[PDB]
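Just so it is clear, none of the values below were taken in a lab; they were calculated from the coordinates. When we count neighbours, we look across all protein chains shown, and the Cβ atoms used for this are built from the backbone with ideal geometry, even at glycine.
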DNA sequence: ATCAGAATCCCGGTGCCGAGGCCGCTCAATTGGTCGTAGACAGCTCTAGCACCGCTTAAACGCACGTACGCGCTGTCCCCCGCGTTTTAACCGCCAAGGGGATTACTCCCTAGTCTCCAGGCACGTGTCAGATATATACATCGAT
DNA sequence: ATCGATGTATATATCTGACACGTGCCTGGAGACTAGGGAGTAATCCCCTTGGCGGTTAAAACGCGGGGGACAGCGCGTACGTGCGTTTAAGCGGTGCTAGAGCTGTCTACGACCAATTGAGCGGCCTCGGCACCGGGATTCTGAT
C-alpha cells in the first residue's frame, strides 16, 4: 500500500494528460447520461460505467490502494467506449487518441513506482478454423457461429447450407443451438506478486517460473536492497543432454562465429531433443498400384529427430531455430535406402548479431548434411515450401514483423546454402527433381523416394485416380514443380554402392512433446507460449526448457 | 462575475471586450477569453515571482525595473521569449569576458 | 467602362483587392479609395521587379524568366534587396561573389 | 476627463498572492502593464492568423491553446497550456 | 473548385513591360506569392495604424502612410506618386 | 603527370556551384532525416513531398547563409579556413542561437 | 600613486554594469534629435517623454552593438575594439545590408 | 519502421559543396560534425511548428503550406510553394 | 550637433557594454552609426505623427516606430 | 610574502515623497431572453502518399602524398591610458507666453447592405517552339621547365 | 617566357514537353437605391511645450609620460587538398495498395444582439515608512619591494 498522496502525486499528471486533450477528452470527462445523450441502450451494453471525473475523485479521495487499480479503471473507460461506439464513429477515434497518450504517459510513471512496466498486455488472438470447409478461416472481430466452443462456422458458409440443421462429426444440430459471436476476445497477461514488497508484475516481464524458483517471486528491487541474486536456473538449454550430432553442429556454428569475430556475438547451443523409430506407410492408391503386386514395399522405416538451437540474449536462453528430419537407414528397402529428408524447419528472428543470422542457419544445415554423409547416407531431399499464411511450422505465433519468404526467395536461400556446401566439398552436387529423375533414367513412380508428409505421395494418389489407373504424367508433374524439389548428392557414384551398414552412435531419445511438430504447437497454443516478441519468446523458451527437462 | 467563476485573477470581461473590438476575428468563442486570461495570469505570476526573488536577494522590498531586467535575463526560457525587448531603466547583466580579466 | 479596374487605368483587379480587404478582418469598414491605391502600388512593385528580371534574363540570352533571373534582379537592385531582405526564393541560387583575400596571388 | 484603463490592480493582486511581503514601484508597474499588453497582442494575433488559415471565422479556446504552444518556449508553453485547460474546466464545470 | 490567383494580371504587366518575353510557371508562382506577401504587409500595417488612431475605416490615407513606412525611399516615393495618380484618375470619372 | 596546386580546384568549385541553382543535399537521406526528426513529435505522420522539398530548400538557404557569414568571420580573423567556432560565433553575433 | 594601465577600465566596467542611469547627456542628445527631425518636417515639437524614449532606445542599441563588437575583437585575438569590429558585428547581425 | 542515426545522411562532401557555394575556400575537418548539429537545431525548430499547425487542423499530412507558415513565422519566409 | 555625443560619453557607453580598451576611430564610427539609427527611428516616428494630423511627436509614436523595427520598448505606455 | 594606500562595503541616523489604503461614483460587465448560422458530424469519392522491386551509374569513402597554412615565438614601435590642470555649458531652479491636444456639439455624405444582372476569369484541351542535350571546335588558363 | 594539358565557352543539330492560346461555363463583380452612423468641422479650454536668465559645479577638454598591446617577420609542424581506385546506395521506372484529404448534406448547439441592472474599478485625497543620503568605520583589493 502506497500513501494516497504518493499515488495522487505520481498518477494525477497522467490523468491531466488525458484531460488536456481537446476535443478528444470531452466525451469522457463526465459520467455518460444515456437519456440526455439520446442513447437508451447504453446500460444494456456497458455494465460498468467509468469516466475521468469518477477516476479523478477516487484518486483525490484515496480509493486506490495500488496503481494498477487506477490503470484498470482507465482501460475500463476506454474499452467501454470502444465497445459501445462504432469503429468509424467520433467517440471511438477520440478514445483511441486518449489511449495512445495514456500508454506513453503511464509506462515511465509505473516504472518510477518500482514496477516492471505500466503497459496493458494481452495475448494474440487464436485463428478460428471452420468445420464447413478444408482451410476456411474466421477473421478477427467479424461475426461467427459456434457450438460447444468446438464447432465454429464463418457467417458465409454457415448460411450457405440449405435448411436449419447442421451435421457435426454424424449427429444433427439446429442452427438455433449455435452461439452468434464476434472473434474479439483477448486474454490478458498474468501477474505475479513480489512476496516481499507485494508489487504485482507481469510474469513474462520478470520471467518467474514456479518450478525453477519454488520459494517464490522476489523482484529485482527487493533483491538488490539486500544485495541478493536469484538462485541459478538449472533448467537451461546447455544442461539438456548432449549428443554427437548436437555437439558436432554447435561446434561448427561456434567455430564459425569465432572466425567472424563480430562484436557482441554469443555462444550457440544445439540440442537434439527427440529421436525415435517410425514407419511411413504407402497410401491406398499407390499401395493398390504397386504394393499389392509386390513391386514396392508397403512401408518404410525411418528415424525421426528434432533439434533446436539456442542463444543467450540479455542473460536468458532464447530458442531461435528448430528442425525435424527423417532418416532412412541402410536396412530400409529401396527406393528410400540411405536417404534423409527435412520434414520442416523454422526460426524466430532474434539471433544476434543480425547480420550473421542467415549464415548461422546455413552452418546448421551444412553441418547436418556433412554429419549424415559421414554416417553413410548418400542423398538429401528438400522440399522448399514456405508456410501458408497463419500457419507455423514449429514455433507458435511468430513476430508480426518477421517476414515470410515466398517460394522463389526460399529456393534461392537453399541454393545459396548448398552452393556453400558444394564449395566445401560436402555436397557433391544437387539437382531439381526433374533433372535428377532424368539422370537416374527413372521410368516409374514406384522409383521415387516416399517420405512421410511429402508432396509426392499425395500428388501420386491424385494422379492415379485422375488417370483412372495411372506414371503417365510423372515427368510433366516433376517438370512443372521442379524448382521446389532439391535432390542433394552427398556420396556419388561407385562409392555409393559398396558402403558398410549405417550405424548411428547416438541413442534413441524418447520425448513425446517433440515427436513431430504437432505436440509442441499444441502445448504452446494451450499455454499461451508465443514467439511473437523478444520477451514472450524468452518466456516461451524458459517454459519449453522446463518441459523438456521434466518430461 | 466571471473572473471569480473560473478561479482567475485577471479580468475575463475586459479580455473578451478587447478580443471583440480589436478585430481579430468576426466572432469570439466564450471559452477563449478565459483561457487567454489564465495564460496572461500565469506569465505575470512567473515574472513577478522571479523579480521578487531577485529583489529579496538585493535587500529591497519594492520591485524596481532593474530587478525586472535581472529576473528576465537571468532565466533562460523567459530570455528566449523576451528576446528583442528593451526595458527602460533596465541596466545590463554584470559579465566580463574571461580574456579581459587580469592575469 | 464597366469594370472598376478600367476606370483607374490599372491592370491589377481592384474588385478582388477590395473583397480581400473586407474578408480578412483588417477593419470594420473599408474605404473606396484604398483598394484602388493598393492595386496601383501592387502593380507598380510588380512592374518594377519584372523590368529588372526581364533585363537580367536578356543578359543570359533567354526568353523565359526563371527563378534564377528573379533572384538576380532582386539581389542586384539596392532598394529591392532591402524590402526583400529576409526572403528565400526557392530554386533561386546566390549572387556570384568571391572575397578578395581568397583569390590567388 | 477621459477614463483610461490598465492592468495595475490585477498585477498587484498577483504580486500579493506570490510574494506577500513585496511592493511594486510605479515604473515597474508601467513595465508590467506594457508587458501584459504585448503578450496579449501576440497571442491574439496568432490565434487570428490560425483562424484565417483554417478558413474558420471564430477564435475558440483551441486556437488560443495552439497559439500558446507556438509562441512560448517548451516548459513555459507546457505550464501555460496546463493552466489554461484547468481554468477552462473549472469555468465550464461550476456555475 | 475555383482557386483564385494573380496569374493573368502579372502576365499583362509583363507584356506591357517586355512585349517579347515569357515567364516560366515557377517564376509565375513566385510572383503570385510575392504579390500576396506585399499586399498582406501593406494591409496589416494600415490596419494597425487605423487602430492606433482609434479609427474604424481604412481609407487611402492609411494605405499611403503604410507605403511610406514599408518601402524604402525611392520605391516609397514612386509608389506614392502612382497611388495618387491612380486615385485621381479614378475619382475624376 | 599533371596536378593542380592546392587551392585552385576550390575556386573552380566555388564558381561552378555559385553559377548553378540545383539542390545540393541528397534528396532521399534528407527525407529520411526529416521523417526521423518528425517522428519524435507525433508518431505516424505522413509528409506531402512538396513539403519535404520546401524544408530542403529552407535548410539549404539557412546553411548557405551561415557558411557565408562564417567565412566572413574567418577572413576577419586573418585566416582562410572556416572552423566550427566560426559557425558558432557567426550565429551568436547574428542574434540567433 | 599610479594604477597600471588596464585596471581602471575593469573598475569602470564593474561600476557601470551595476548602475542603470543614463550615460548620454540629456541636452546634447535632445539638440541632436531636433537637428535630425529638422530635415523631415519643419517646426516639429517633441514631447519630452518621447525624447527620453529615444535616448533609452539609442543607449540599448549602442550597448548591444559594443557588446557584439567586443565579442568580435576578442575572437580576433585582440583586446581593443575598433571601427571595423563595429561594422563587422553590424554586418553579421544582418542589421546593415 | 523505426528510424535512427539518419543524421549521417548529410554526407561530408554534401556539406563541402554547400560551403563551396557560400564562398568558403578551405574547410577545417571539425566543421563536418558541428554543422550537422546546427542543422538539427534548425529542423527541430521548423518541424515542431509545422506539426503544431497540422495537429491543429486535425490532419495527418504535413502540407507544404504548413511548412511555409512555420517558416514565415520565424522571419524566414519562403516564396514559391504557395500562399 | 553630432559632436554632442562626447568622446567620454561613448567611452562610458562602451565600458557598460564590456570592452576593456578602445581604439581611436571608434568614436567617429559610433557617431556615424548612431546618426543612422536615429535617422531611421525619427523618420518612422515623424511619418506616424504626420499621418495623425499633429505637430507634437508623442512618446507613443516613438514606441510604435521602435516596435515596428523589431526593437519593442517597454516602459512608456505601449 | 609585506607594507602602504586608495576603493568599497556596513552600519547607523535623518528626512521626504511616493506608494498604499480609503472614499465617491459612473459606466461597463452581468443576467436574461431570442434568433440565426457556423460548425460538428456522418457519409461518400478518389488522389496522393507509402511500400516495393530491380537495374543502372553517379556519387561517397578510403588512402597516399605533398604542401600551403595555422600557430607559436620574438622583436619593434606607437598609441591609448591614467592623471593632473584648465575650461565650459549641462543642470537646476524659476518665470513667462502661447500653440495646439483634447474635448464637445452638430451635420452630412460615404459605405454596408440588398437585390438583379452579366461578363471576367478559371478549368480544360491542344498545338508548337524555347530550351535541354549531344557533339565538334576554338580559346583560356594553370603549372612545370 | 613558351608548351602542353586541362577546362570552358561557342557553334550547330535534334527532340521534347512545358508554355501560350482558344473555348464553355458559372459566380463573383458591377449597377442602382436606401438607411444610418462614422467621420469632418467649428469652437473652446487649459495643459504642456518652448523660450529665457542666472548660478553652480560636474564633466568635458587638453597635455604628458610610458607601459603594454598591435603588428610584422620567421620557422616549424601538420591538417587538409587532390587524385585515384574501390564500394555504396541514390535515382529512376514502373507496380500495387489505401489512408486520408476533400467535398456535401443535414442538424443544432453556440454566439451575436438588445434591454435592465448594479458593483468593480477608476479618479481623487491623505498618510507613513522604504528608501535616498551622509558621515564615520572596517574591510578589501592593488601596486612597489
When every residue in region G:2-19 that is surrounded by 14 or more Cβ atoms within 10 Å (Cβ to Cβ) and assigned to a helix (DSSP H, G or I) is compared, the one nearest to DNA strand J (Cβ to nearest atom) is G:9
If only one of G:71, G:32, G:23 is at the interface with another protein chain (Cβ under 7 Å from one of its Cβ atoms) and under 14 Å from the mean Cα position of the chain (by Cα), which one is it?
G:23
For residue B:7, are the conditions met, namely being facing chain D (nearest Cβ under 7 Å) and over 19 Å from residue D:78 (Cβ atoms)?
yes
Residue by residue through region A:10-23, note down the ones that are at the interface with another protein chain (Cβ under 10 Å from one of its Cβ atoms), within 41 Å of the chain's Cα centre (by Cα) and either under 19 Å from residue A:69 (Cβ atoms) or within 16 Å of DNA strand K (Cβ to nearest atom) (or both).
A:13, A:16, A:17
For region C:20-39, which residues satisfy the criterion of being touching a strand residue (DSSP E or B) at 6+ places or on another chain (Cβ under 8 Å) and either surrounded by fewer than 18 Cβ atoms within 10 Å (Cβ to Cβ) or within 22 Å of residue E:93 (Cα to Cα) (or both)?
C:22, C:28, C:29, C:30, C:31, C:34
Output for region F:74-97, where each listed residue is more than 13 Å from DNA strand K (Cβ to nearest atom), more than 8 Å from chain H (Cβ to nearest Cβ) and more than 16 Å from residue G:94 (Cβ to Cβ)
F:75
I'm trying to understand the selection: among the residues of region D:72-88, which are surrounded by fewer than 20 Cβ atoms within 10 Å (Cβ to Cβ) and more than 8 Å from chain B (Cβ to nearest Cβ)?
D:77, D:78, D:82
Inside region A:55-98, can you point out the residues that are within 14 Å of another protein chain (Cβ to nearest Cβ) and within 16 Å of DNA strand K (Cβ to nearest atom)?
A:90, A:93, A:94, A:96, A:97
Could you tell me which residue of region D:48-71 is nearest to DNA strand J (Cβ to nearest atom), considering only residues that are part of a helix (DSSP H, G or I) and more than 7 Å from every other protein chain (Cβ to nearest Cβ)?
D:63
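So that you can scan it fast, the table gives a plain yes or no per residue for (1) crowded, with 16+ Cβ neighbours inside 10 Å; (2) within 11 Å of DNA strand J (Cβ to nearest atom); (3) within 26 Å of residue C:86 (Cβ to Cβ):
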site: E:1; (1), (2), (3): no, yes, no
site: E:10; (1), (2), (3): yes, yes, yes
site: E:19; (1), (2), (3): no, no, no
site: E:25; (1), (2), (3): no, no, yes
site: E:30; (1), (2), (3): yes, no, yes
Region C:30-51, subset within 15 Å of DNA strand J (Cβ to nearest atom) and more than 7 Å from every other protein chain (Cβ to nearest Cβ), residue nearest to residue E:28 (Cα to Cα)
C:39
So which residues in region G:46-65 are within 13 Å of DNA strand J (Cβ to nearest atom) and at the interface with chain I (Cβ under 7 Å from one of its Cβ atoms), if there are any at all?
G:46, G:47, G:49, G:50
Residues in region C:80-87: is at least one more than 13 Å from DNA strand J (Cβ to nearest atom) and under 23 Å from residue E:12 (Cα atoms)?
yes
The conditions are (1) more than 7 Å from chain H (Cβ to nearest Cβ); (2) farther than 19 Å from residue H:76 by Cβ; (3) in a helix (DSSP H, G or I), and residue F:40 fails exactly one of them. Which is it?
(3)
Which residue is farthest from DNA strand J (Cβ to nearest atom), if the candidates are limited to region F:20-45 and must be more than 30 Å from residue H:55 (Cβ to Cβ) and surrounded by 12 or more Cβ atoms within 10 Å (Cβ to Cβ)?
F:21
Is it the case that residue D:33 is more than 7 Å from chain B (Cβ to nearest Cβ), farther than 25 Å from residue B:56 by Cα and part of a helix (DSSP H, G or I)?
no
Quick check on my filter: what residues within region H:12-44 are more than 7 Å from chain F (Cβ to nearest Cβ) and not in a helix (DSSP H, G or I)?
H:29
Looking at region F:20-31 only, could you name the residues that are touching a helix residue (DSSP H, G or I) at 6+ places or on another chain (Cβ under 7 Å) and either more than 6 Å from DNA strand K (Cβ to nearest atom) or part of a loop (DSSP other than H, G, I, E, B) (or both)?
F:21, F:23, F:24, F:25, F:26, F:30, F:31
Of the residues in region F:46-70 that are closer than 13 Å to residue H:35 by Cβ and within 15 Å of DNA strand K (Cβ to nearest atom), the one that is surrounded by the fewest Cβ atoms within 10 Å (Cβ to Cβ) is F:60
Would you check if residue C:54 is within 7 Å of another protein chain (Cβ to nearest Cβ), buried (at least 16 other Cβ atoms within 10 Å of the Cβ) and assigned to a loop (DSSP other than H, G, I, E, B)?
no
Quick check: is even one residue across region E:1-21 in contact with a strand residue (DSSP E or B) (Cβ under 7 Å, 6 or more places away or on another chain), assigned to a helix (DSSP H, G or I) and within 7 Å of another protein chain (Cβ to nearest Cβ)?
yes
Odd one out for residue A:128 among (1) surrounded by 15 or more Cβ atoms within 10 Å (Cβ to Cβ); (2) out of contact with any helix residue (DSSP H, G or I) (no Cβ under 9 Å at 6 or more places or on another chain); (3) within 14 Å of chain F (Cβ to nearest Cβ)
(3)
Condition met for residue C:42 (away from DNA strand K (no atom under 13 Å from the Cβ) and crowded, with 23+ Cβ neighbours inside 10 Å)
yes
Counting only residues that are within 11 Å of DNA strand K (Cβ to nearest atom) and surrounded by 18 or more Cβ atoms within 10 Å (Cβ to Cβ), region H:17-43 contains a total of 7
